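Q: Structure incoming, see below.
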Amino acid sequence: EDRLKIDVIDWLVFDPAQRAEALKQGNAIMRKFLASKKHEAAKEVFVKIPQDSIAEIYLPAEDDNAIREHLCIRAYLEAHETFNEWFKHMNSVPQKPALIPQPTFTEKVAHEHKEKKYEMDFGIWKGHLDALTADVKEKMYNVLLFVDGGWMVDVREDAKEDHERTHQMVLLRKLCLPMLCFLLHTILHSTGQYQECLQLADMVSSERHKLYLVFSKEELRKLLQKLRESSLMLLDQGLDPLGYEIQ
Amino acid sequence: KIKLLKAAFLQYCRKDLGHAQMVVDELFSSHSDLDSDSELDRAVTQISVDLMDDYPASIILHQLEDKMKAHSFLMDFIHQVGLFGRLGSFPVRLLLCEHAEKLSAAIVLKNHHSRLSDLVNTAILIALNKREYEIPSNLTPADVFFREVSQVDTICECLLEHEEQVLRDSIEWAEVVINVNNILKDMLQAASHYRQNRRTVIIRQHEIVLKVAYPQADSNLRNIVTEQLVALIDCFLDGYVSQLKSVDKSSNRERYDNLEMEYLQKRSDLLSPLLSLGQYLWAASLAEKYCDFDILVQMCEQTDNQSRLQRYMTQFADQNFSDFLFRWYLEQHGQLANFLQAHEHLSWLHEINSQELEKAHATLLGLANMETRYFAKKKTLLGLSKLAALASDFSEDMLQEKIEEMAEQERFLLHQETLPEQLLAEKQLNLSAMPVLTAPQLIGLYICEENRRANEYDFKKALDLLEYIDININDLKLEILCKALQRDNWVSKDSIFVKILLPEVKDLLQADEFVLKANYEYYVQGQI
């Protein structure tokens, strides 16, 4: 039935006079797929939506929200497109030169070089990494700290009742905000940014976002056993739990 | 004078046959004596010590045995006739009898050992102090190398260093450097058991530790151990004599008694490091000999997997636990000792781990409060405390209290948080690396002439931080309403009176003017 739904979109996109209904329905369809984490499904739909839809449509409470929801959804997708690239890279680290104990004088020199070339690649694989870390992070904070009212949260409050959508928007927050936090923690930990890891407890507990309400009690503790792990590595470095110099 | 010490030396001669007559020359002594404690009694000390020096100056062994008996019926013929006072030990020269005893058992311990290598190191040690009479009589002598044998130890060491310069180390030359180690050792074993029957000396011992360290670098296994059980036998007699001198001195003039502690403590550290390469099977006995020197036996238990030894150490100890935790912090199974060391401010950590969330919340808030050095950190701790408490198992009532008393903290903080980004580059302030500011600093900084775009909200919040005080309240209440007008350039005063919803503000006190009273009229209608 996947196709039935992703195909009803091209029918609504065809007629430009129904772009407001095409987007709204595109949202709904992408709300079902997100709850299943079908990101190639959600995105295959996301491209069918002409890149210039938003511009033309220009506002009923149903169109202000659907424009916001669409960008929220793009902010979410882009937060998985850049992580899978980053993650793919983290798993392609240059491998150490192989050792040939009891080497011939030939094998000694081939190895002096293979050992010197590797000490060039590992520097760039931290180079490319840093730039894929700086980018995946930004996206994770665009979703977690979504501007003007939080992610998947309507700004317009005068639409007509849509319990399906509304409760789909509360759920999407409870499936994906705990899951984006845990990823960002995994990104920060993987790159050794431990001080910042611990600063996820400010972001989450914050009264500005009230992200902690989107967490189950279990997920919290889990995030608290994740942070205590970053803390350790900060002690091993000689700093206090939170990364500040011990005077 | 010499006539006196030659009169008691004459009464001890009769003190071997009968006493009556000698007890009347000790009775003539007490009446005819001076009896001024501070030096005349150390004038008959200088006599009893001048006759102990002459019973030591006295068949060379059976003749030196006859002299440890003579100086034994001389210490019994002093206890009786008494002889219950005097002591001029001072510096370098009662402890002086024992000492001259101990060195007469040393003289018989190296008389019992007589071989061609020590007799050669002795003849080199006596020809260096002076010449010898060559009318035969060549031990080359002892009766004076006894009253001073301490010297034939620092010289039969300089004759193991010139016999080691030719040693060419090579195996038979590391067997001659141990034969001497074994004699200076059991000559120090003989002075210890003569006290049980109750800076050159020491240098020559720290000199043969280091030469017993250079040799085990090249030595058949078993040999390198016997000279190690030896340099452990010897180091345990030095540390025992610095312990006995400590216990001898106490109280006043303590400064000198806590400076000699640091000196023996920098050596049980220099004897420990030395034994850090060596066998640790001896560490247990070196740690017990100077029965604390824990820093060494505590790092031997750390280098190995004997979390069983550091549990056996703390099992038999007086406050080692408070020592092994402060000795872990100063410096796997180390995380089980981290589990116990996380006791104290690192609390919250082992508390999240133990699933003791409520507990983690209490200490996380406590550390948030004391926090003054770093703002960014005071902010992090509350956030953690809060996420701890939320994740914990409080009843919906208690939880609502923790998050309300909390909401307060976040409310004050938020103030320093919203500090404009114009004055924080003006004042050249670190973004996060700044301190937890107080209400005053804040109120005064929110109003500085540096804060240029200061608008209604900057003052409103600089009047919200007055209940955050604990000096003059209404002096500031004015200070701020006044710069609230300087910025007006006679709009903002207007608004802040619109934001408050009043006999707070002053008046006549203020002017201390055409629209100040003019707005203070539709401010008596507003309040009413």
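By order of appearance in the structure tokens: chains A, B, ..., then residues from 1 within every chain, and ligands from 1 in the order shown.
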Quick one: residues within 12 Å of residue 306 (chain B), only C-alpha atoms, excluding same-chain residues fewer than 6 positions away - as a list in words?
A: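 My list of contacting residues is residues 280, 297, 298, 299, 300, 312, 313, 333 and 334 of chain B.
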Q: Up to 6 Å from chain B, what residues of chain A turn up? Count only C-alpha atoms and give them as a PyMOL selection string.
A: chain A and resi 201-202+205+217+220-221
Q: Keeping C-alpha atoms for every residue in the selection just given, could you write it to a file as an mmCIF file, in the first residue's frame?
A:
data_model
loop_
_atom_site.group_PDB
_atom_site.id
_atom_site.type_symbol
_atom_site.label_atom_id
_atom_site.label_comp_id
_atom_site.auth_asym_id
_atom_site.auth_seq_id
_atom_site.Cartn_x
_atom_site.Cartn_y
_atom_site.Cartn_z
ATOM 1 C CA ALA A 201 21.442 17.961 30.174
ATOM 2 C CA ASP A 202 20.978 21.715 29.864
ATOM 3 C CA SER A 205 15.945 19.956 30.951
ATOM 4 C CA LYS A 217 11.521 7.984 32.631
ATOM 5 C CA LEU A 220 16.125 9.748 30.870
ATOM 6 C CA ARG A 221 18.168 7.391 33.053
#
Q: Just asking: which residues within region 298-473 of chain B are alpha helix (DSSP H) according to DSSP, as an MDAnalysis selection string?
A: chainID B and resid 298:303 309:315 321:324 326:329 337:341 347:353 357:370 375:391 396:417 423:426 439:445 456:460 473
Q: Pick the closest to residue 143 (chain A) from A:131, A:79, A:54, A:124: which is it, counting only C-alpha atoms?
A: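 Among the listed residues, the smallest separation from residue 143 (chain A) belongs to A:79.
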Q: Any idea what's packed within 10 Å of residue 19 (chain B), counting only C-alpha atoms, ignoring anything in its chain fewer than 5 positions away? Could you give it as a PyMOL selection string?
A: chain B and resi 11-12+14+24-25+77+80-81
Q: Contacts of residue 422 (chain B) at 12 Å or less, counting only C-alpha atoms, minus same-chain residues fewer than 4 places along, as a list in words?
A: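 Neighbouring residues, sequence-local ones excluded: residues 418, 426, 427, 428, 429, 431, 445, 446, 448, 449, 450, 451, 452, 453 and 454 of chain B.
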Q: Using only C-alpha atoms, which residues sit within 7 Å of region 92-104 of chain A once same-chain residues fewer than 4 positions away are excluded, as a short mmCIF file (atom, residue, chain, number, x, y, z; two decimals) with N, CA and C atoms, in the first residue's frame?
A:
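Everything below was put into selection.cif:
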data_model
loop_
_atom_site.label_atom_id
_atom_site.label_comp_id
_atom_site.auth_asym_id
_atom_site.auth_seq_id
_atom_site.Cartn_x
_atom_site.Cartn_y
_atom_site.Cartn_z
N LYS A 88 28.94 6.49 8.12
CA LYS A 88 29.61 5.68 7.12
C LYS A 88 31.12 5.94 7.16
N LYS A 108 61.57 -3.82 4.78
CA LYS A 108 61.79 -2.77 5.77
C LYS A 108 61.45 -1.39 5.20
N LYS A 114 54.71 2.76 3.78
CA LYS A 114 53.33 2.43 4.10
C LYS A 114 52.96 2.99 5.47
N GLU A 115 53.96 3.09 6.34
CA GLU A 115 53.78 3.62 7.69
C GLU A 115 53.74 5.14 7.69
N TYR A 118 50.21 6.10 5.83
CA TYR A 118 49.10 5.96 6.77
C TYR A 118 49.05 7.13 7.74
N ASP A 121 46.94 9.76 5.95
CA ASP A 121 45.53 9.45 5.75
C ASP A 121 44.73 9.59 7.04
N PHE A 122 45.29 9.13 8.15
CA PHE A 122 44.62 9.21 9.44
C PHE A 122 44.41 10.67 9.86
N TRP A 125 41.33 11.73 7.60
CA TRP A 125 40.14 11.04 8.06
C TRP A 125 39.70 11.63 9.40
#
Q: Skipping near chain neighbours, those fewer than 6 positions away, what residues fall within 10 Å of residue 178 (chain A) using only C-alpha atoms, listed as a list in words?
A: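 After dropping sequence-adjacent residues, the list is residues 144, 204, 211, 212, 214, 215, 216, 219, 220 and 223 of chain A.
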Q: Atoms to include: N, CA, C and O atoms. Write the selected residues as a short mmCIF file (atom, residue, chain, number, x, y, z; two decimals), in the first residue's frame.
A:
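File produced: again.cif:
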data_model
loop_
_atom_site.label_atom_id
_atom_site.label_comp_id
_atom_site.auth_asym_id
_atom_site.auth_seq_id
_atom_site.Cartn_x
_atom_site.Cartn_y
_atom_site.Cartn_z
N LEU A 144 16.39 19.66 17.32
CA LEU A 144 16.22 19.67 18.77
C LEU A 144 15.84 21.05 19.29
O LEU A 144 15.03 21.17 20.21
N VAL A 204 18.16 19.59 27.22
CA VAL A 204 16.99 18.76 27.49
C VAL A 204 16.11 19.31 28.61
O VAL A 204 14.93 19.58 28.41
N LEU A 211 12.15 19.76 26.61
CA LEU A 211 12.41 18.54 25.84
C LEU A 211 12.23 17.31 26.72
O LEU A 211 11.95 16.22 26.22
N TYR A 212 12.39 17.50 28.03
CA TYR A 212 12.36 16.41 29.00
C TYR A 212 10.99 15.76 29.15
O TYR A 212 10.88 14.67 29.72
N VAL A 214 9.16 15.00 26.56
CA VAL A 214 9.13 14.07 25.44
C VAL A 214 9.88 12.77 25.76
O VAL A 214 9.91 11.84 24.95
N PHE A 215 10.48 12.71 26.94
CA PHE A 215 11.21 11.52 27.37
C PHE A 215 10.38 10.66 28.33
O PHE A 215 9.68 11.17 29.19
N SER A 216 10.48 9.35 28.16
CA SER A 216 9.99 8.41 29.17
C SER A 216 11.02 8.39 30.29
O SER A 216 12.20 8.68 30.05
N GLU A 219 14.13 6.41 29.36
CA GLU A 219 15.00 7.08 28.40
C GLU A 219 15.91 8.09 29.10
O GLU A 219 17.08 8.21 28.76
N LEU A 220 15.35 8.80 30.08
CA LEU A 220 16.13 9.75 30.87
C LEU A 220 17.34 9.07 31.49
O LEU A 220 18.48 9.40 31.17
N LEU A 223 19.96 8.30 29.26
CA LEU A 223 20.71 9.49 28.88
C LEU A 223 21.65 9.90 30.01
O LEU A 223 22.67 10.54 29.78
#
Q: In terms of the shortest atom-to-atom distance over only C-alpha atoms, which of B:45, B:196, B:361, B:301 is closest to residue 399 (chain B)?
A: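 Among the listed residues, the smallest separation from residue 399 (chain B) belongs to B:361.
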Q: Applying 10 Å and only C-alpha atoms, which residues near residue 39 (chain A) remain after dropping the ones on its own chain fewer than 6 positions away? List them as a PyMOL selection string.
A: chain A and resi 30+33+45-46+76-77+80-81
Q: Write a file of the selected residues as a compact mmCIF listing (two decimals), in the first residue's frame, keeping N, CA, C and O atoms.
A:
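Result file follows (out-v8.txt):
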# COMPACT_ATOMS: atom_id res chain seq x y z
N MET A 30 3.93 11.57 5.01
CA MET A 30 5.28 11.53 5.55
C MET A 30 5.28 11.39 7.08
O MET A 30 6.29 11.03 7.67
N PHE A 33 5.13 7.52 7.56
CA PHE A 33 6.41 6.90 7.24
C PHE A 33 7.48 7.20 8.30
O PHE A 33 8.32 6.35 8.59
N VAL A 45 8.92 10.98 -1.30
CA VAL A 45 7.75 11.83 -1.29
C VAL A 45 8.17 13.29 -1.23
O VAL A 45 7.56 14.15 -1.87
N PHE A 46 9.23 13.55 -0.47
CA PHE A 46 9.70 14.91 -0.21
C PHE A 46 10.23 15.62 -1.46
O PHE A 46 10.25 16.85 -1.53
N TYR A 76 14.33 17.29 9.96
CA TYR A 76 14.52 15.95 10.50
C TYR A 76 15.29 15.08 9.52
O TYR A 76 16.29 14.47 9.87
N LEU A 77 14.80 15.02 8.28
CA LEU A 77 15.47 14.24 7.25
C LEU A 77 16.94 14.61 7.12
O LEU A 77 17.81 13.75 7.20
N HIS A 80 19.37 13.11 9.29
CA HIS A 80 19.67 11.69 9.12
C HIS A 80 20.50 11.46 7.85
O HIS A 80 21.22 10.47 7.74
N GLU A 81 20.38 12.38 6.90
CA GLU A 81 21.18 12.31 5.69
C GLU A 81 22.64 12.56 6.02
O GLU A 81 23.54 11.90 5.47
